[PDB]
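One structure is given here, and the rest of the page talks about it.
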């Protein structure tokens, strides 16, 4: 009764969904750490441009 | 139920029959034939026996004298050894099920279709402001001798505008050199 | 009148000889966070106010290793503050009393010993020692 | 090796005696500060007077819940003192280990949730309580435990 | 005995003759093309920090680099479809973080492949090997067959020659191939 | 129980979880997931031995049949177990001990102590019984 | 069809009419109606039984409507992304179907080749929420199998091309707050 | 230390200039096959060691 | 545990080992450098990527001095 | 707020700012009390610390790192003079004609 052409594409969904949902859980932990800096580089050419004038 | 506890205990031991030996554990080539939806239906039956044999053998254990050893004690060997068969058949499917998932997801990595602050990433060729030339030379010339010549002439930096020059040999040569090193 | 001659003092003198797990947790660079240097020397573009993609940066970048990160990239100028971690990642990851087999015998030669990385050098197999010494007809 | 401190010979050697100090080592005593412990407070001292929550709470990997069954070298000295000594609560009743057969923290069922005062437990995560959910094949295609012969 | 299986021709050192080579003199041997005499086309890949590479590098109109005689100035275009995930630190740090966890798993419990204490762990005496795996089963079957008479081959109580030591020696352990062993098992002798 | 973690026990864990020296690891996301095979071989193919003692459920009627369940089956799981596997639907109170597995000296002489278990005296509503015709 | 009014800070609303591809992609498109049509309402007060017995208290919880949302990520020359019911910063996804949803037929069969198209915003294909994005750069080949193209803006393109021209402040956000005043159906 | 290493192969046979105190009066049938095979081994065991 | 053991310091030359550490900036105490990139690539490979005019530029023996630590004697030829 | 007419100046202007250095600064993050107990006195400029207040203008006298580049700049305006006139292209086209006949 095994139907590999139908049940493996059921499983691969479950493994792949299990990774993508973690890779973006890791993309959090780096974005919550970094976007605190990218603005500190933005807030430091907002003021450079200011100081040129 | 009242009679539900009867499937804990063997029918022959209740019925004083000389119990019958098993037929045989599940063969592997006939296991992978079975889908996963029922591989557990044929699992609980292994389960509801390994309980139904253990509760008998601890009963024969409790009265070693009145009853002696457990009759047909190889049954329980042919249920555990049949459990491992189901254990290594799912482990086969959950190998390729995993390996095909890793082959996809690991080509979405380099595809870059993920991005945490949910959205479509910036276009592919926007960030790179780089141009690469495959200059092909007959003999090798030294690297820094190239960086001095083919490098830019307008930019006042030691990098001379050229990000990275790399000599390479075509694999048709890395063998055309490989054998002519052997035939030599 | 001591106390506790019983069995718990008969196990706790035998099970505690079991060697716990060792993981060479190398020192954490608290004050010099290395991963917050991916943003050093980045032309902020005056449209998106983010770092422009410098193609040169990655060449003046010195990948300082890590345990929870493969290889953190830092610009070249800030490379020397991480002088200990580049000496701890190249190290061998066990107290060298366990790998003293390599340091006193004639493995002193057959091994890379640069900053205590007791890793084997290259070594031909015996199918090759004769493949390389018969082809010469030596 | 007492002087593994920031070398400052003519100035004051900050912290010198105070709790947060250098030149005292890492795996030292005098680290009551570091009272911060991942394990919830209630399981190292009971949720109430009777020392209810006291014990060693193994936890399931998936379960976000944190239990105090550590096996780090710095934490086994207290995880044995739970299994062999047991706890004598200041209320008069002996806790987690009170009799003969010392518990096996690694064969405990997993910590299912923090205790509450009103009920017993807020079952914070049910994904740790296994609910064996195998369908019973009473519809069709009967499956004995083992197969027939040729 | 593989002493006798040897076939002797001259009896002394060059036991089996060495046939003659092809050519009379050495200078009659065909010389090949030495691998340094090849000088195959060295493809050097230059990458600028500008979009005007191909049109510039041809402005020079290279014809030699003192040995080169440049053969072709084609453009690689390896920026094709480069995902922003190649320059984004927020992304590349997610992947390079992933590499570690899947790499410390491979190397962290660094337990040697083999060491001569293993064949001291996995091996035991006969006195203990049985103690670790014994039942009365082994002598019920001795009473069993003597009467009932069912000729059995395998072992009723399954043997454990490691005496439980496999949970002190990693499962991926294997004696390395021993070279030039000091035995007579390879020289299978049948008469001495 | 020895709390101290041994090095080998982790290595012996990997080689069966995934072919350790040969097959590269599954990405840490999958390992933190209920789709990791040993979390998948558990959520769908449990491995438990809820053996029933008969000395309390024999010809003498009983409202409190006694079981043995592995040391790591809590109460509310023994409910879920009998409910969904043995159709038992009337369990108001379960009463759980923990017993040191039986010990003895085999005829050779090594102290061969069986594994430990967990007596769980369930208390069904309407009493159950077993008949034995001689 | 459906509309949406865009308020660029101190400037008036402006109708953006979306022609939802309700035919080819039902789920993600019907996810848009229910989110725009203001279909999920739960008004409650604590005094009168709001707190005591029901224990619903899910109205102190992401509300599942585009009302009063924002337009946060605006990539000039590329697109204008917006609409989130969970986090003001553009993160997190909400939907009719819980946290998110993946539709296998609806993700592979997507092609972003028209301007003004309207797609979903994903952290990954398995994740689709309220977050949509209106494509302003004409072609999008790198967006083929990533997300779903459940419709296109049918008119009122003036704003999605006037939103795009709004400057980015330091924060990578538009200098002036683009607010989605009131949505509905057409 | 210094152990006349310039004499290892410079003998006329294989059993010479190899200090082997472990001898016996009567080396038997297979103790002689073990011996002759032994001298050459630690003569080729040494060489390919020193070649690798 | 070392994921991504770093590469040797000054491995930039195609057919000779990288100069020893310390001389490049690293830990002293070892004389002979070695880089597993170089020792693994078979000989013909190392002879492919290089022409004779080049090896004579990286064979180059700066005998007492050190080519890198300008002014100090090469630390693979000192007593230690 | 910046204008537009001046904005296009700082864009097309050759010399642009690197502008990421603030992060290289060393962190002193710990309990605020244990961090500030140490500054019980002027432990501020002491032992390789520095109260980094963001500076917008620099003293030009004796400032090595300032003269170290104002010459490097005046060595960039001088090299830039060639590319203006075209003696760079010549002196660069003289290499390839030195490196062709050989």
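Just so you know, all these numbers are worked out from the coordinates, no wet-lab data involved. Please note: Cβ atoms are built from the backbone with ideal geometry, for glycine as well, and neighbour counts cover all protein chains shown.
Structural remarks
- Restricted to the stretch E:39-124, the set of helices (runs of 4 or more DSSP H) holding at least 1 residues that are over 41 Å from the mean Cα position of the chain (by Cα) comprises E:53-57.
- Among the residues examined, residue B:155 does not qualify as crowded, with 16+ Cβ neighbours inside 10 Å, more than 7 Å from chain E (Cβ to nearest Cβ), touching a residue at least 24 places away in the same chain (Cβ under 8 Å) and farther than 30 Å from residue G:122 by Cβ.
- Residue G:114 within 14 Å of chain A (Cβ to nearest Cβ), in contact (Cβ under 8 Å) with a residue 24 or more places away in the chain, in contact with a strand residue (DSSP E or B) (Cβ under 7 Å, 6 or more places away or on another chain) and in a loop (DSSP other than H, G, I, E, B): no
- Scanning the stretch F:56-95 for residues that are farther than 21 Å from residue D:131 by Cα and touching a strand residue (DSSP E or B) at 6+ places or on another chain (Cβ under 8 Å) returns F:56, F:57, F:61, F:62, F:63, F:64, F:65.
- Number of positions in the stretch B:10-27 that are free of Cβ contacts under 8 Å to residues at least 24 places away in the same chain, assigned to a loop (DSSP other than H, G, I, E, B) and either over 18 Å from residue D:144 (Cα atoms) or more than 10 Å from every other protein chain (Cβ to nearest Cβ) (or both): 3
- Filtering the stretch B:1-27 to residues that are farther than 19 Å from residue B:56 by Cα, surrounded by 14 or more Cβ atoms within 10 Å (Cβ to Cβ) and within 42 Å of the chain's Cα centre (by Cα) leaves B:25, B:26.
- Of the helices (runs of 4 or more DSSP H) lying entirely inside chain I, not one contains at least 1 residues that are touching a residue at least 60 places away in the same chain (Cβ under 8 Å).
- Criterion violated by residue B:74 - all others in (1) assigned to a loop (DSSP other than H, G, I, E, B); (2) under 36 Å from the mean Cα position of the chain (by Cα); (3) without any contact (Cβ under 8 Å) to a residue 40 or more places away in the chain satisfied: (3)
- All positions within the stretch G:5-35 that are in a loop (DSSP other than H, G, I, E, B) and over 21 Å from residue G:74 (Cα atoms): G:21, G:22, G:23, G:24, G:25
- Qualifying residue in the stretch E:94-117 (condition: surrounded by 11 or more Cβ atoms within 10 Å (Cβ to Cβ), under 30 Å from residue B:113 (Cβ atoms) and away from chain I (no Cβ under 14 Å)): yes
- Scanning the stretch B:77-113 for residues that are within 12 Å of chain E (Cβ to nearest Cβ) and part of a helix (DSSP H, G or I) yields a count of 9.
- When residues of the stretch E:48-59 are limited to those that are buried (at least 19 other Cβ atoms within 10 Å of the Cβ) and free of Cβ contacts under 8 Å to residues at least 12 places away in the same chain, the one farthest from residue B:165 (Cα to Cα): E:49
- Unique residue being free of Cβ contacts under 8 Å to residues at least 12 places away in the same chain, more than 25 Å from the chain's Cα centre (by Cα) and closer than 26 Å to residue B:75 by Cα when the list is E:151, E:135: E:151
- Under the condition of being surrounded by 10 or more Cβ atoms within 10 Å (Cβ to Cβ), within 12 Å of chain H (Cβ to nearest Cβ) and within 30 Å of residue C:130 (Cα to Cα), the residues counted in the stretch E:147-192 number 9.
- Filtered by the rule that a residue be surrounded by 12 or more Cβ atoms within 10 Å (Cβ to Cβ) and farther than 18 Å from residue C:4 by Cα, the stretch D:75-90 gives D:75, D:76, D:79, D:89.
- Any hit, the stretch E:152-174, residues being in contact with a helix residue (DSSP H, G or I) (Cβ under 6 Å, 6 or more places away or on another chain) and outside any loop (DSSP other than H, G, I, E, B): yes
- Members of the stretch E:6-38 found to be surrounded by 10 or more Cβ atoms within 10 Å (Cβ to Cβ), part of a loop (DSSP other than H, G, I, E, B) and within 14 Å of chain B (Cβ to nearest Cβ), listed by number: E:29, E:32, E:33, E:34, E:38
- Residue ID - nearest to residue D:52 (Cα to Cα), chosen from residues in the stretch D:95-118 that are away from chain F (no Cβ under 14 Å) and assigned to a loop (DSSP other than H, G, I, E, B): D:95
- Looking only at the stretch F:4-43, residues that are part of a helix (DSSP H, G or I) and in contact with a helix residue (DSSP H, G or I) (Cβ under 8 Å, 6 or more places away or on another chain) come to 12 in all.
- Among the residues listed as J:76, J:7, the single one being under 28 Å from residue A:52 (Cβ atoms) and within 19 Å of the chain's Cα centre (by Cα): J:76
- Options C:119, C:90: the member that is touching a strand residue (DSSP E or B) at 6+ places or on another chain (Cβ under 7 Å) and closer than 21 Å to residue I:20 by Cα: C:119
- Flag if residue A:1 is surrounded by fewer than 17 Cβ atoms within 10 Å (Cβ to Cβ), more than 14 Å from chain F (Cβ to nearest Cβ) and outside any helix (DSSP H, G or I): yes
- Number of residues in the stretch D:59-86 that are out of contact with any helix residue (DSSP H, G or I) (no Cβ under 6 Å at 6 or more places or on another chain), closer than 17 Å to residue D:97 by Cβ and either in contact (Cβ under 8 Å) with a residue 24 or more places away in the chain or in a helix (DSSP H, G or I) (or both): the value is 10.
- Test: residue in the stretch A:6-16 that is loosely packed, with under 15 Cβ neighbours inside 10 Å, closer than 23 Å to residue G:108 by Cα and either within 14 Å of chain F (Cβ to nearest Cβ) or over 27 Å from the mean Cα position of the chain (by Cα) (or both): yes
- Residue D:46 being without any contact (Cβ under 8 Å) to a residue 60 or more places away in the chain, out of contact with any strand residue (DSSP E or B) (no Cβ under 9 Å at 6 or more places or on another chain) and either more than 14 Å from chain F (Cβ to nearest Cβ) or within 28 Å of residue C:6 (Cβ to Cβ) (or both): no
- Residues in the stretch F:1-18 that are farther than 15 Å from residue E:111 by Cα and more than 7 Å from every other protein chain (Cβ to nearest Cβ): F:16, F:17, F:18.
- Taking helices (runs of 4 or more DSSP H) as the structural unit, those lying wholly within the stretch C:35-138 and holding at least 1 residues that are within 17 Å of the chain's Cα centre (by Cα) and within 14 Å of chain I (Cβ to nearest Cβ) correspond to C:85-89.
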